[PDB]
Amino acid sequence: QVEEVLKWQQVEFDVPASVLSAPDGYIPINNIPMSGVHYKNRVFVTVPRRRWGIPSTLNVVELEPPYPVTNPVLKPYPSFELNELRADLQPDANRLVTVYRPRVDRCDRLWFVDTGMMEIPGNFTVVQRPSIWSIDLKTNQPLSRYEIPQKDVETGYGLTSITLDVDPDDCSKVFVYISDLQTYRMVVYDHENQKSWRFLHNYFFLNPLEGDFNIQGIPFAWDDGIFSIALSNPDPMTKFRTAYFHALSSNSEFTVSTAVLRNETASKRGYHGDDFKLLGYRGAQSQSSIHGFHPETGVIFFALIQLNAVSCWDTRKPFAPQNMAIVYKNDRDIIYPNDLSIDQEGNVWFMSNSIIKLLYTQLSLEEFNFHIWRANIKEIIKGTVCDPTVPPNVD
């Protein structure tokens, strides 16, 4: 019911021996993948440059059964020419510095953010300003690029996640919402008008008492804020969407209408009134990383950090623990659910990269460290409370 599509002991690249032979050109233990998203039998895998020796930040892998496809070599997408790191480390609009979590739209486009920053522990290296890209997946050619101005974000240290707001009819009318978990802000991107602005709000912060974890016997505390945003279907009478959002270090989910997010003058305010609202409590130890809203079912899928699992929730039901169900659980293989994503084919995709092991312990290249699963949404929710045909619980 949940199949493991991809797994790695370590990450390897399809680049010239020139790059592999050069000193500190490729360090295996340094290459931690951060996302894997799906598009027509192709899975895009990112390796953010938090370390030296990372040949390509954006990558692709071709799918062929049977699964799991073991240790697939990553090919620098769209071309190694872009994923090359300049030796002079200077700004370049035709180079990809660091990419985290891309998303695929219905228009055969790949959207991502090049942070332009390398978070090497010891030497944080700001190469260039953060940029929003779109790639045509039919032609494998870059379409648009937008550099995010200083007035919205200073560096791009925390721009690790994005949510796409594409009009159902016009494929050109696109907004993008970026979650900054480091500076506790959300950056809205008007693609159509090549404009952007930023929101600041108390709800983008962590909950002081809810940033403590114990995973695989390792304890740690994080202060990471707004991390994921999930958009409902456009309202029939208003055309706007509910933005479900949460901090990494929180057991709470909050909501805001896109009408607020799409409005620049609203961002510039000192006080947002009661535009941003609390949806409610997700449960004990129910801190989530990435969550996604499946349009056809109206079901939100949560990646649960502490519980080493993936849960779901039907949006029509009241937001309550007894109205959510765990669809998958794996204490051995889910160490940190780094990414969750919903494809154009009715599947929920999720990924674990064992980052906690690396950070706080020793990762072992003998074992399989990085995993990618998939599940058919309609099939996975059938019996459960996440099924729209199943009534909510009495509590």
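Note that residue numbering follows the sequence shown and begins at 1.
According to the PDB record, 22-30 carries the higher mean C-alpha B-factor of the two stretches 328-336 and 22-30.
When the two stretches 381-389 and 10-18 are set side by side, the higher mean Cα temperature factor goes to 10-18. Across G217, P208, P318, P168, the entry's maximum B-factor at the CA atom is seen for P168.
Comparing the listed residues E296, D92, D224, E253, the entry records the largest Cα B-factor for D92. Per-chain ranking of the deposited C-alpha B factor places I120 in the middle third. Among all modelled residues in its chain, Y281 ranks in the lowest third by Cα B-factor. Annotation for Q306: CA B-factor lies in the lowest third of the chain's modelled residues. Placement of the Cα temperature factor of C107 within the chain: highest third of the modelled residues, per the deposited record. Among the modelled residues of its chain, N202 has a C-alpha B-factor that falls in the lowest third, as given in the PDB entry.
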